[PDB]
Amino acid sequence: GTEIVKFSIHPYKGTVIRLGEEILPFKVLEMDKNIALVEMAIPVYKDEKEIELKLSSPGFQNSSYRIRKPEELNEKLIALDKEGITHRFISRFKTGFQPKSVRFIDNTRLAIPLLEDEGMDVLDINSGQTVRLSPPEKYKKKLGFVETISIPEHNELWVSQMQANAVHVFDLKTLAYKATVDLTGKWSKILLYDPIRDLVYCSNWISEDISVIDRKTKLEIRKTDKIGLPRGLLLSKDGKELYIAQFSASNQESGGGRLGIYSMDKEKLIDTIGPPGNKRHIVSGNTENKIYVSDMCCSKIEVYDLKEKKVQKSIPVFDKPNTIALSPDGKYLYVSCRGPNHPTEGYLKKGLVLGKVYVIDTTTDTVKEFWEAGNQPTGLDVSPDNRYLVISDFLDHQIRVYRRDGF
């Protein structure tokens with residue numbers, strides 16, 4: 001006989017599921033833009049016969065979904081790959097509430113701070129094995145875990161907690177809680193590590209400054225003057241300049257952020273470059289003089305020339321580009337796009353349009369491919385071996401895992 005299963009399909013429109021070359025009818029339970037929760041009857045295949053579901057949809061590559069038993073499909077998301085893309089959907093994994101960022105700590109495991117949950121998930125994308133890392137009760141109850149850095153040379157994993165103006169340190173091998181740095185700034189978010197000076201920098205959203213923490217002692221040793229409203233950070237190759245993504249000019253205005261240039265030696269902001277907007281994330285390019293910056297104002301990635309001290313190119317992407325990451329081989333820049341803000345209710349509410357992921361060819365600085373993901377893609381990283389790209393669907397409390405062709 002049959003088993004009734006419930007799972008999600010993306011896209012729903014035009015999509016057929018067949019089994020043994022016959023239609024397997026399904027019933028729509030819920031619709032969320034192009035993602036459908038559906039229920040379907042699957043026959044119980046006997047005598048070691050594999051159930052191969054065949055999915056097809058206009059403008060999408062065919063997928064086969066193989067299961068030993070109907071039950072295996074329950075609570076799954078099947079997402080089809082858009083025609084012509086070279087990154088293929090592997091899995092969706094549920095996380096705790098509001099996974100704000102993701103970071104590979106090795107080839108397959110991710111550290112995932114949870115903005116509305118009691119710590120950080122550590123999740124293996126091979127198996128879906130998860131474990132929750134938490135600071136002591138007094139901290140963990142405040143929620144608001146944001147960003148990480150991994151420091152394997154000292155066997156540490158650091159996570160900022162904006163709701164406690166703190167940064168927590170875990171042992172990277174044992175996953176045990178190790179220490180907490182209580183900061184004197186407010187609303188700590190982005191972390192950066194400097195291996196030369198052995199310091200960790202922390203962007204403080206509310207106090208509009210950066211905390212400098214001695215990595216060894218777990219103590220904040222100094223903090224900058226106000227340097228705009230910061231988020232992303234990047235330290236120059238020579239270690240002499242700190243690049244600050246100003247999300248805005250200050251907490252008193254909505255925009256006017258530029259790329260800040262902070263002289264480490266002079267301990268001051270010496271320049272601000274690029275046009276005004278909401279600079280978010282910063283990474284180094286595959287060449288020396290090149291940095292990429294996401295600008296949340298204007299659906300764009302900016303390519304800065306550091307010597308020239310300005311933008312050499314803006315690459316158009318989708319609405320609200322947030323986290324970006326260079327592939328280890330430098331061939332691609334990956335971009336998470338949150339999507340347009342709900343037109344009436346703003347960004348705190350699920351949008352009427354799903355977010356997207358973009359792949360930028362760094363040789364030409366043009367978009368090679370892109371596709372639709374879930375509600376508010378926010379976290380993004382690529383595995384150190386080039387193999388996997390992972391994004392967090394922030395309002396869906398999950399990650400989507402993709403695999404690069406040829407890796």
# chains A, B, ... in the order shown; residues from 1 in each chain; ligands from 1
$ closest_atom_pairs --of "stretch 221-270 of chain A" --to "stretch 186-189 of chain A" --cutoff "12 Å" --atoms "only C-alpha atoms" --output "JSON lines"
{"residue": "A:223", "atom": "CA", "partner": "A:186", "partner_atom": "CA", "distance": 11.4}
{"residue": "A:226", "atom": "CA", "partner": "A:186", "partner_atom": "CA", "distance": 11.9}
{"residue": "A:229", "atom": "CA", "partner": "A:187", "partner_atom": "CA", "distance": 10.9}
{"residue": "A:230", "atom": "CA", "partner": "A:189", "partner_atom": "CA", "distance": 9.1}
{"residue": "A:231", "atom": "CA", "partner": "A:189", "partner_atom": "CA", "distance": 6.9}
{"residue": "A:232", "atom": "CA", "partner": "A:189", "partner_atom": "CA", "distance": 8.7}
{"residue": "A:233", "atom": "CA", "partner": "A:189", "partner_atom": "CA", "distance": 10.4}
{"residue": "A:251", "atom": "CA", "partner": "A:186", "partner_atom": "CA", "distance": 11.9}
$ residues_around --residues "stretch 323-328 of chain A" --least-positions-apart "2" --cutoff "6 Å" --atoms "only C-alpha atoms" --output "VMD selection string"
chain A and resid 281 330 332 to 336 380 384 386
$ write_last_selection --atoms "N, CA and C atoms" --output "compact mmCIF listing (two decimals), in the first residue's frame"
# COMPACT_ATOMS: atom_id res chain seq x y z
N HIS A 281 29.03 44.18 4.21
CA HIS A 281 30.09 43.18 4.34
C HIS A 281 31.28 43.54 3.46
N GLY A 330 39.50 31.65 -5.39
CA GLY A 330 39.37 33.03 -5.87
C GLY A 330 38.55 33.24 -7.14
N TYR A 332 35.25 32.72 -7.70
CA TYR A 332 33.93 33.27 -7.47
C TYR A 332 33.84 34.13 -6.23
N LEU A 333 32.98 35.14 -6.30
CA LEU A 333 32.45 35.82 -5.13
C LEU A 333 30.98 35.45 -5.02
N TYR A 334 30.61 34.85 -3.89
CA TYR A 334 29.23 34.47 -3.58
C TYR A 334 28.54 35.54 -2.76
N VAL A 335 27.28 35.80 -3.06
CA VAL A 335 26.52 36.88 -2.44
C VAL A 335 25.15 36.40 -1.97
N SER A 336 24.84 36.67 -0.72
CA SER A 336 23.51 36.43 -0.20
C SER A 336 22.70 37.71 -0.42
N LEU A 380 26.27 33.26 4.96
CA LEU A 380 26.85 32.66 3.78
C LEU A 380 28.30 32.29 4.04
N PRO A 384 36.40 25.38 2.84
CA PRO A 384 37.81 25.63 2.49
C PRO A 384 38.36 24.84 1.30
N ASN A 386 36.55 24.49 -1.53
CA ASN A 386 35.69 24.94 -2.65
C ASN A 386 34.40 24.15 -2.89
$ closest_residue --among "A:72, A:381, A:225, A:288" --to "residue A:100" --atoms "only C-alpha atoms"
A:381
$ residues_around --residues "residue A:193" --least-positions-apart "5" --cutoff "12 Å" --atoms "only C-alpha atoms" --output "list in words"
residues 148, 149, 150, 151, 152, 153, 154, 156, 157, 158, 159, 198, 199, 200, 201, 202, 203, 211, 212, 213, 214, 215, 216, 233, 234, 235, 236, 239 and 242 of chain A
$ closest_residue --among "A:169, A:124, A:96, A:270" --to "residue A:144" --atoms "only C-alpha atoms"
A:96
$ residues_around --residues "residue A:300" --least-positions-apart "2" --cutoff "12 Å" --atoms "only C-alpha atoms" --output "ChimeraX atom specification"
/A:275,277-281,292-298,302-303,311,313-322,324,335-337,358,360,365-367
$ write_last_selection --atoms "N, CA and C atoms" --output "mmCIF file, in the first residue's frame"
data_model
loop_
_atom_site.group_PDB
_atom_site.id
_atom_site.type_symbol
_atom_site.label_atom_id
_atom_site.label_comp_id
_atom_site.auth_asym_id
_atom_site.auth_seq_id
_atom_site.Cartn_x
_atom_site.Cartn_y
_atom_site.Cartn_z
ATOM 1 N N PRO A 275 30.635 55.869 -2.803
ATOM 2 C CA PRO A 275 29.438 56.689 -2.610
ATOM 3 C C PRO A 275 28.704 56.341 -1.316
ATOM 4 N N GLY A 277 25.883 55.097 1.315
ATOM 5 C CA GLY A 277 24.868 54.046 1.361
ATOM 6 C C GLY A 277 24.859 53.305 2.681
ATOM 7 N N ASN A 278 24.676 51.995 2.600
ATOM 8 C CA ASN A 278 24.623 51.150 3.781
ATOM 9 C C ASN A 278 25.606 50.012 3.611
ATOM 10 N N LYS A 279 26.898 50.320 3.746
ATOM 11 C CA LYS A 279 27.924 49.315 3.533
ATOM 12 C C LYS A 279 27.777 48.224 4.594
ATOM 13 N N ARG A 280 27.851 46.976 4.165
ATOM 14 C CA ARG A 280 27.512 45.876 5.034
ATOM 15 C C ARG A 280 28.695 44.949 5.234
ATOM 16 N N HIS A 281 29.030 44.176 4.211
ATOM 17 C CA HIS A 281 30.086 43.178 4.342
ATOM 18 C C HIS A 281 31.279 43.542 3.460
ATOM 19 N N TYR A 292 35.754 43.741 -2.164
ATOM 20 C CA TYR A 292 34.335 43.734 -2.497
ATOM 21 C C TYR A 292 33.547 44.109 -1.277
ATOM 22 N N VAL A 293 32.526 44.927 -1.494
ATOM 23 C CA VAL A 293 31.714 45.447 -0.432
ATOM 24 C C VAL A 293 30.261 45.341 -0.861
ATOM 25 N N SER A 294 29.428 44.770 0.002
ATOM 26 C CA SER A 294 27.994 44.776 -0.258
ATOM 27 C C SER A 294 27.370 46.079 0.245
ATOM 28 N N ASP A 295 26.546 46.697 -0.602
ATOM 29 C CA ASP A 295 25.834 47.902 -0.238
ATOM 30 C C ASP A 295 24.354 47.613 -0.244
ATOM 31 N N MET A 296 23.823 47.536 0.966
ATOM 32 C CA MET A 296 22.431 47.233 1.236
ATOM 33 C C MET A 296 21.425 48.271 0.721
ATOM 34 N N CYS A 297 21.894 49.490 0.419
ATOM 35 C CA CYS A 297 21.020 50.569 -0.107
ATOM 36 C C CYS A 297 20.519 50.258 -1.511
ATOM 37 N N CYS A 298 21.368 49.626 -2.319
ATOM 38 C CA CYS A 298 21.253 49.775 -3.762
ATOM 39 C C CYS A 298 21.444 48.522 -4.604
ATOM 40 N N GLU A 302 30.173 46.532 -4.571
ATOM 41 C CA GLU A 302 31.137 47.522 -5.033
ATOM 42 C C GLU A 302 32.510 46.922 -5.087
ATOM 43 N N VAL A 303 33.215 47.198 -6.164
ATOM 44 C CA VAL A 303 34.578 46.736 -6.315
ATOM 45 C C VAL A 303 35.486 47.948 -6.113
ATOM 46 N N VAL A 311 35.652 53.399 -5.967
ATOM 47 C CA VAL A 311 34.963 52.275 -6.584
ATOM 48 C C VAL A 311 35.344 52.200 -8.057
ATOM 49 N N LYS A 313 33.980 49.598 -9.969
ATOM 50 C CA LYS A 313 32.830 48.930 -10.579
ATOM 51 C C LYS A 313 31.790 48.633 -9.521
ATOM 52 N N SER A 314 30.515 48.813 -9.873
ATOM 53 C CA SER A 314 29.391 48.269 -9.104
ATOM 54 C C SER A 314 28.754 47.106 -9.890
ATOM 55 N N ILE A 315 28.622 45.953 -9.240
ATOM 56 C CA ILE A 315 28.022 44.776 -9.843
ATOM 57 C C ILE A 315 26.580 44.692 -9.353
ATOM 58 N N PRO A 316 25.607 44.780 -10.285
ATOM 59 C CA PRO A 316 24.215 44.705 -9.831
ATOM 60 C C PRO A 316 23.878 43.281 -9.407
ATOM 61 N N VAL A 317 23.187 43.157 -8.280
ATOM 62 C CA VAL A 317 22.675 41.877 -7.786
ATOM 63 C C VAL A 317 21.195 42.083 -7.413
ATOM 64 N N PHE A 318 20.664 41.264 -6.514
ATOM 65 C CA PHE A 318 19.280 41.384 -6.072
ATOM 66 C C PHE A 318 19.218 42.312 -4.851
ATOM 67 N N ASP A 319 17.995 42.632 -4.412
ATOM 68 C CA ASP A 319 17.748 43.469 -3.250
ATOM 69 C C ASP A 319 18.466 42.995 -1.980
ATOM 70 N N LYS A 320 19.030 43.950 -1.249
ATOM 71 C CA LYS A 320 19.594 43.726 0.097
ATOM 72 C C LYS A 320 20.707 42.679 0.149
ATOM 73 N N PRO A 321 21.786 42.899 -0.603
ATOM 74 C CA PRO A 321 22.918 41.991 -0.476
ATOM 75 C C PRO A 321 23.577 42.151 0.897
ATOM 76 N N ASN A 322 23.750 41.044 1.618
ATOM 77 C CA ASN A 322 24.345 41.104 2.956
ATOM 78 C C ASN A 322 25.692 40.407 2.995
ATOM 79 N N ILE A 324 28.861 38.222 1.905
ATOM 80 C CA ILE A 324 29.544 37.814 0.685
ATOM 81 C C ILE A 324 30.786 37.013 1.084
ATOM 82 N N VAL A 335 27.276 35.800 -3.062
ATOM 83 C CA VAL A 335 26.520 36.883 -2.441
ATOM 84 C C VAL A 335 25.152 36.397 -1.967
ATOM 85 N N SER A 336 24.838 36.670 -0.719
ATOM 86 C CA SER A 336 23.505 36.430 -0.204
ATOM 87 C C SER A 336 22.698 37.708 -0.420
ATOM 88 N N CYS A 337 21.506 37.599 -1.001
ATOM 89 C CA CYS A 337 20.577 38.740 -1.125
ATOM 90 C C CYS A 337 19.304 38.489 -0.315
ATOM 91 N N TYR A 358 23.816 34.855 -5.422
ATOM 92 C CA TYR A 358 24.499 35.246 -6.644
ATOM 93 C C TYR A 358 25.919 34.724 -6.649
ATOM 94 N N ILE A 360 29.456 35.488 -8.688
ATOM 95 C CA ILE A 360 30.109 36.517 -9.480
ATOM 96 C C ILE A 360 31.453 35.956 -9.926
ATOM 97 N N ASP A 365 34.332 40.368 -13.036
ATOM 98 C CA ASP A 365 33.443 41.040 -12.078
ATOM 99 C C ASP A 365 32.028 41.241 -12.649
ATOM 100 N N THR A 366 31.481 40.144 -13.173
ATOM 101 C CA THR A 366 30.115 40.106 -13.685
ATOM 102 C C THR A 366 29.420 38.902 -13.089
ATOM 103 N N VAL A 367 28.095 38.957 -13.016
ATOM 104 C CA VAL A 367 27.330 37.850 -12.443
ATOM 105 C C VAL A 367 27.339 36.681 -13.416
#
$ residues_around --residues "stretch 44-56 of chain A" --least-positions-apart "2" --cutoff "6 Å" --atoms "only C-alpha atoms" --output "ChimeraX atom specification"
/A:1-2,15-19,62-68
$ write_last_selection --atoms "N, CA and C atoms" --output "CSV table (one decimal), in the first residue's frame"
chain,number,residue,atom,x,y,z
A,1,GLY,N,0.8,-1.2,0.0
A,1,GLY,CA,0.0,0.0,0.0
A,1,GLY,C,0.8,1.3,0.0
A,2,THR,N,0.3,2.3,0.6
A,2,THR,CA,0.9,3.7,0.5
A,2,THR,C,1.2,4.3,1.9
A,15,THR,N,5.6,22.3,-11.4
A,15,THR,CA,6.4,21.2,-11.0
A,15,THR,C,5.6,19.9,-10.9
A,16,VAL,N,6.2,18.8,-11.5
A,16,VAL,CA,5.6,17.5,-11.5
A,16,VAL,C,6.6,16.5,-10.8
A,17,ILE,N,6.0,15.6,-10.0
A,17,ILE,CA,6.7,14.5,-9.4
A,17,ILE,C,6.2,13.2,-10.0
A,18,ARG,N,7.1,12.4,-10.6
A,18,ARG,CA,6.7,11.1,-11.1
A,18,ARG,C,7.5,10.0,-10.4
A,19,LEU,N,7.0,8.8,-10.4
A,19,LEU,CA,7.6,7.6,-9.9
A,19,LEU,C,7.2,6.4,-10.8
A,62,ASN,N,16.1,18.7,-14.3
A,62,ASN,CA,15.5,17.5,-13.7
A,62,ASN,C,16.3,17.0,-12.5
A,63,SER,N,15.6,16.7,-11.4
A,63,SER,CA,16.2,16.1,-10.2
A,63,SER,C,15.6,14.7,-10.0
A,64,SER,N,16.4,13.8,-9.5
A,64,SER,CA,16.0,12.5,-9.0
A,64,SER,C,16.2,12.5,-7.5
A,65,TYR,N,15.1,12.1,-6.7
A,65,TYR,CA,15.2,12.1,-5.3
A,65,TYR,C,15.0,10.6,-4.9
A,66,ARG,N,16.1,10.0,-4.4
A,66,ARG,CA,16.0,8.5,-4.1
A,66,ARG,C,15.8,8.3,-2.6
A,67,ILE,N,14.9,7.5,-2.3
A,67,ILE,CA,14.6,7.1,-0.9
A,67,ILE,C,14.4,5.6,-0.7
A,68,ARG,N,14.8,5.1,0.4
A,68,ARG,CA,14.6,3.7,0.7
A,68,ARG,C,13.1,3.5,1.1
$ closest_residue --among "A:29, A:183, A:283, A:210" --to "residue A:269" --atoms "only C-alpha atoms"
A:210
$ select_by_dssp --residues "stretch 29-188 of chain A" --states "strand (DSSP E)" --output "PyMOL selection string"
chain A and resi 29-32+35-43+51-56+63-67+77-79+87-94+103-104+109-113+120-124+130-133+145-151+156-161+166-171+177-182+188
$ atom_distance --atom1 "atom CA of residue A:9" --atom2 "atom CA of residue A:127"
21.0 Å
$ closest_atom_pairs --of "stretch 168-211 of chain A" --to "stretch 102-106 of chain A" --cutoff "12 Å" --atoms "only C-alpha atoms" --output "CSV"
residue,atom,partner,partner_atom,distance
A:171,CA,A:105,CA,11.9
A:172,CA,A:105,CA,8.3
A:173,CA,A:105,CA,10.2
A:175,CA,A:105,CA,11.5
$ atom_distance --atom1 "atom CA of residue A:192" --atom2 "atom CA of residue A:147"
9.7 Å
$ closest_residue --among "A:400, A:331, A:197, A:258" --to "residue A:240" --atoms "only C-alpha atoms"
A:197
$ select_by_dssp --residues "stretch 53-246 of chain A" --states "alpha helix (DSSP H)" --output "ChimeraX atom specification"
/A:137-140
